[PDB]
Trainee: 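Have a look at this one.
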Amino acid sequence: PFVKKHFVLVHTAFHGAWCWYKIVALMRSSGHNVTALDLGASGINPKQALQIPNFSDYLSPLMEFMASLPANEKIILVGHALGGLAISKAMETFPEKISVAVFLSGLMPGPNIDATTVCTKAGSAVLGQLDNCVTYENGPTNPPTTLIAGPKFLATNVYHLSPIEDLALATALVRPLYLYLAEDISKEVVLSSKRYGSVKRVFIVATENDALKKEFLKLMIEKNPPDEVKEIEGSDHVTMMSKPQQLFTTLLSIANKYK
Amino acid sequence: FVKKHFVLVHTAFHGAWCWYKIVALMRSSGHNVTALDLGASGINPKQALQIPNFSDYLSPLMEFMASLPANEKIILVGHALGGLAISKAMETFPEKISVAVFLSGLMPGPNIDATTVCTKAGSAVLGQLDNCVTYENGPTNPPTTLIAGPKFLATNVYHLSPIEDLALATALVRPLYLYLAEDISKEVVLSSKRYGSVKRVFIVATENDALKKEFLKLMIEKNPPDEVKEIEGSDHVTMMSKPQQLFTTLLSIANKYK
Ligand SMILES: CCCCCCCCCC(=O)O
Ligand SMILES: CCCCCCCCCC(=O)O
């Protein structure tokens, strides 16, 4: 008996709703509702990175979407990598509107491994990697302002197991990420046991992820245990690109289990 | 095998992203390819309201063309509306272009004006299905932008493409400013000695819209190119519906017009 669900997808750094296109097609084709959002200055969001130095504005598209969700409608919230921070805040604020939260290789901070610990670790795996670079729109006296993903970094660390056209698509769409201050993130993403902790949570491991190392991911899983950990073999960092059908099937299974 | 440089220019609502399959095939086969975002398209930083003049829309292509040392020739490909953009590039920098390719592109010339092909092109989009216009300049002024609707895209543009490409497009299409005919006519002026000196190939690719094909035949008849090629089974976005076939056709054209 077909039970219509509402999947809400949240991209990682530099990306946008566009990266989910294969997943969105499978969802809409099977009759489910799906909303792929562009966070601040991501995808075709009108804001420019330099215009939104506050993490609050990076996350606003999701928070605003969450706030206007209809009465009693519950969603399957999916966050990829950095998107993990966004859905975490959504979990703390609107825990009742989320049937189950899914972290796809996502930054998954919790009361005992906070957002800043997690962001500091994440930053080390992206800043300075291959051809990635930063800008100083506020002068040499201030912290770098934005991070720009390089094509070689994308091909090697992110899309190494995906169709080459997807790499081409990414290089024509990735945008800069404002380097939000740890202090700002810490005040925005604060999680509690009775709110964030009350939302069903599943973590999906990308077996061949060369962007976010195993040790970091298992540190988060260890210190902020999810209700379940699932795995997708042969997937690079962007599972929605390299292993779309498997991610789709897994998502449907997760939605049915926790509905 | 001689390395070539293809420069791809999209149509309304789109961006460099729509050529992803083509870009991929060109890079792996060893060629250079530049897929540009015109004003307020793809990830270009401008918003439609910020580029009310057609020259603002063409800016990314003209800047690109100007940055090219004259010895570095290119194969300039324009899709549909992108035809107007490459036509302008042809008039301004004729010598930097080995061959211009109009993929079902608006191909105005001396005997068929730019405003003429524009007005006709628009009738097929304005007021179609779920497409809609905005009025940022108030109710008593002409509409300011045109927004492509998902249904319009599904049945009129991507009807022969993988369904995921339709989804991709719905997450990326952006508004097109409704440029004035006066503006466009003044902006796209072509002469036989300049625009006319560039080798030109038109690629007909449309399948179940006979009127659309007539329009394409009209422009070909009024402004005859050096050659006309066809691609079967294509919807409005050939780079999506017939990628391998488009790639092959472009390689073939490039090798012929060196
Ligand atoms: C200080 C903020 C920078 C954090 C970088 C987050 C990296 C997420 C990983 C990814 O690229 O998908
Ligand atoms: C800017 C003139 C307003 C009319 C709409 C533009 C024509 C779009 C047609 C097409 O896809 O080729």
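In what follows, chains carry the letters A, B, and so on, assigned in the order in which the sequence lines appear, proteins first and then strands, with residues in each chain numbered from 1. FYI, side chains are in, hydrogens and waters are out, and symmetry mates aren't considered; it's all heavy atoms of this structure.
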Trainee: Under 4.5 Å, heavy atom to heavy atom, which residues of residues 161-172 of chain B contact chain A?
Mentor: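 So the qualifying residues are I163(B), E164(B), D165(B), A167(B), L168(B), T170(B), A171(B), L172(B).
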Trainee: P46(A), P244(A), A36(A): which one forms the most heavy-atom pairs within less than 4.5 Å of chain B?
Mentor: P46(A)
Trainee: Do other residues, nucleotides or ligands put more than 12 heavy atoms under 6.0 Å from the NZ atom of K47(A)?
Mentor: no
Trainee: Please determine whether the number of non-hydrogen atoms from other residues, nucleotides or ligands lying under 6.0 Å from atom CD of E233(A) exceeds 12.
Mentor: no
Trainee: Given heavy-atom pairs under 4.5 angstrom as the criterion, report whether the side chain, backbone, both or neither of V174(A) touches chain B.
Mentor: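 Answer is backbone: N, CA, C or O of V174(A) sit under 4.5 Å from chain B.
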